[PDB]
Ligand SMILES: O=C(O)/C=C\C=C/C(=O)O
Ligand SMILES: O=C(O)/C=C\C=C/C(=O)O
């Protein structure tokens, strides 16, 4: 009769999160899990109100009532159509300064701060201004539009395996070009699903030769 | 100043549609294209009201005011977690009769008829009743949930390359196990974007050794 509600952002479906949940379900078959689509910002209130218990997000949205556990620093990639700027965009990587006059697809469409405002700030903190920004509802749609020819899109590396054809995923060479994956929990939540889900995290990361940023 | 509004269902982003739009955009750079997320049923009214001009769908939803142009018959696959029923579900394929007591994920959540009711009817027309059905918002989410361990999901073959890890895509051996991709247009629409988009279709299909069901 125990129900664990887990908030997640869409891009995490293409990474190791499904494996983490699968392992948790195997180890804890009595626990009913609800996977709930929820942005990192929206997870704050969702956690505070008891509407979710765990929140897997990608922004450093701090709150005294919330504990953030940083799991992994994922590198960012510029998604482009494979015939776009064969010479200007090297497969070895681009700096953000090179793509300022490209129509950029941001995502998702949601309460802010979110991944769109995060990607914007990467340009901003370098003194750069993208020429055109369009916010798209979800990551896979933004990638579909890149392939349809509506520009470029910065995504986490795990998005490389989203099944949209004819894209290249090019390294972003600037130092701040990472998206941290984190688990948010209520600060005074002492339920054992937290240490349990974290052990699943470390096990799955270990399988993939990833060292969690946090030691168990 | 000409704007072509194109309705599409999500799964088509992992197929040849983005290429078709990209080719059309190259050939017709003056035409502004809006890609609009829209179910096959909802496309009927959208086309009738002039809110879209072209509708790429996956159901035979007929209407006297709408012309349906069937492009491709795509085979269906059962998405499973790679460790689920190693013996019972052969990689060579399953019949729908074999999976009736599996929790099934349907998609999307939308106005009906839709892909969920379509998948249901495949069981129904064989006298079969799935033991549990849960409707999920979108295809990639249903696939994420399969990998998280919430059951199985019938998808078109092109969904095989959606980047969710640890899934197998198993043939469905029953005869009716296909999802037709079609273009819907207003019956009395004589705009040249129709013959133009169809020529793009045939060109892209040709590149991929696919013969359109309709000859140009
Ligand atoms: O907006 C956020 O809070 C972060 C990520 C959103 C979507 C994704 O990663 O798919
Ligand atoms: O519901 C429909 O009209 C057909 C397909 C829906 C979604 C998809 O293919 O992703």
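Chains as they are written, first to last, in my numbering: chain D, 5 to 220; chain G, 5 to 220.
Even for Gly, the Cβ is constructed at its ideal location relative to N, Cα and C.
Annotation: Cβ neighbours of residue 23(D) in chain G (cutoff 9 Å, chain order): 151, 152, 169, 170. For the pair residue 172(D) and residue 140(D), the CB atoms are not nearer than the 7 Å cut-off.
Identification of chain G residues near residue 201(D) by a Cβ-Cβ cut-off of 9 Å yields none; the smallest Cβ-Cβ distance measures about 13 Å.
Annotated three-state conformation of residue 61(D) is strand, per DSSP.
Rounded to whole angstroms, the separation of the alpha carbons of residue 148(G) and residue 17(D) is 5 Å.
Contact between the stretch 182-196 of chain G and the stretch 63-78 of chain G is present: three or more C-beta pairs spanning the two stretches fall below 8 Å. Pairing residue 92(G) with residue 36(D), the inter-Cα distance amounts to about 26 Å. The beta carbons of residue 11(D) and residue 69(D) sit no closer together than 7 Å.
Taking 6 Å as the cut-off, one finds no heavy atom of ligand 1 near enough to the beta carbon of residue 49(D). Distances between the C-beta of residue 60(G) and the heavy atoms of ligand 2 are all 6 Å or more. Residue 182(G): member of the beta strand (DSSP E) spanning 182-190, first to last residue. By the beta-carbon neighbour count (other beta carbons within 10 angstroms, threshold 16), residue 150(D) is buried. In this structure, the straight-line span from the alpha carbon of residue 158(G) to that of residue 67(D) is close to 41 Å. Look at residue 138(D) here: in three-state DSSP terms it is strand. At a cut-off of 7 Å between C-beta atoms, residue 17(G) counts as an interface residue with respect to chain D. Residue side-chain check: residue 187(D) keeps its Cβ at 6 Å or more from all non-hydrogen atoms of ligand 1. Contact with chain G is found for residue 165(D), since one of that chain's Cβ atoms lies less than 7 Å from the residue's Cβ. Remark: the shortest separation between the CB of residue 73(G) and any heavy atom of ligand 2 does not fall under 6 Å. Under the three-state reduction of DSSP, residue 69(G) is assigned to coil, being neither helix nor strand. For residue 26(D), at least one C-beta of chain G is nearer than 7 Å to its own C-beta.
Distance check between residue 39(D) and each of 188(D), 103(D), 180(D), 9(D) places 9(D) closest, using alpha-carbon atoms only. Around residue 81(D), the same chain offers 158, 159, 160, 161, 163, 164, 173, 174, 175, 176 as residues with beta carbons nearer than 8 Å, after the five sequence neighbours per side are excluded.
Scanning 155(D), 106(D), 206(D), 79(D) for the CA closest to the CA of residue 21(D) turns up 206(D). For residue 11(D), the beta-bridge partners assigned by DSSP are 40(D), 59(D). The nearest non-hydrogen atom of ligand 1 is 6 Å or more from the C-beta of residue 28(G). Assignment of beta-bridge partners to residue 78(G) by DSSP yields 183(G).
Near chain G, meaning a CB-to-CB distance below 9 Å, the residues of the stretch 119-149 of chain D are 141, 142, 144, 145, 147, 148, 149. Within the stretch 84-95 of chain G, the residues whose Cβ lies closer than 8 Å to any Cβ of chain D are, in chain order, 85. Take residue 167(G), set aside five residues on each side of it, and no residue of its chain has a beta-carbon closer than 8 Å to its own. Following the DSSP letters along the chain, one finds residue 159(G) inside the beta strand (DSSP E) bounded by residues 157-160. In the three-state scheme derived from DSSP, where H, G and I count as helix and E and B as strand, residue 203(D) is classed as helix.
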